[PDB]
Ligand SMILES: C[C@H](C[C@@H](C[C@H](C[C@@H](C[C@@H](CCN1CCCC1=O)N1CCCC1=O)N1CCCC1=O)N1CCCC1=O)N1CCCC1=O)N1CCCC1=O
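Take a look at this single chain, the form deposited without ligand QQ4, given in structure tokens.
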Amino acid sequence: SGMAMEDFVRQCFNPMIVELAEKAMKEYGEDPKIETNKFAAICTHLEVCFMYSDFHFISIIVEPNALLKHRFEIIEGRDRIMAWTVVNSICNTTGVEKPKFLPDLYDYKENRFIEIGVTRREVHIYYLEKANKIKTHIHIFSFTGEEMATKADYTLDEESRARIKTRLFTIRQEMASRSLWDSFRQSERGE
């Protein structure tokens, strides 16, 4: 029925992530109870976008004093209007070229937008498909603990990246234990 994946998703992710994913799905005519893999992919992509942004200020790491600037602006998880409202703001502030497609983050240290990709397939092939459908720096994470980033520029320190890669390796294993991995993987478009 999809009950099994749906319940896994609700206990895997925190309630903010879950609410945001449900919100995104209802907005576009999608029921979280029915398209349960999508439900899991939407949550996972949010968590990675938030993990990537956590703790980073200007350029230092803090786990938060009042004069610090957040290193990253977060564009994902906002409706389209708001999403574009925020990109316009960054473009006025910084003078950066406005991208043609919505990105996921803006990095105020490097002054570039970031496309974060997450895939159950292999990391390189997915990177290449994303680089073809797009200036915007791309960074892909796989569920098996890999990443690929534009020009071998990984933006963050290794410990930060290890935290996201381990988070994702762990979701795979937890799903795998429940005999849900194989079907979650297979549902992703492409080989």
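The first residue of the sequence shown is number 1, and the count goes up from there.
Another form exists, solved in complex with ligand QQ4; not displayed. Remarks below refer to it.
Site accessibility, open: after C-alpha superposition of the site, ligand QQ4 as positioned in the deposited bound form shows no atom within 2.4 Å of the backbone or C-beta atoms of the displayed chain. Though ligand QQ4 is absent from this view, in the deposited bound form it lies within 4.5 Å of a heavy atom of just one residue from 53, 150, 160, 155, which is 53. In the deposited bound form, ligand QQ4 lies farther than 4.5 Å from every heavy atom of residue 90. Ligand QQ4 in the deposited bound form comes within 4.5 Å of no heavy atom belonging to residue 176. Using a 4.5 Å cutoff between non-hydrogen atoms, residue 170 does not count as a contact of ligand QQ4 in the deposited bound form. Taking the partner from the other structure, ligand QQ4 in the deposited bound form has no heavy atom within 4.5 Å of any heavy atom of residue 107.
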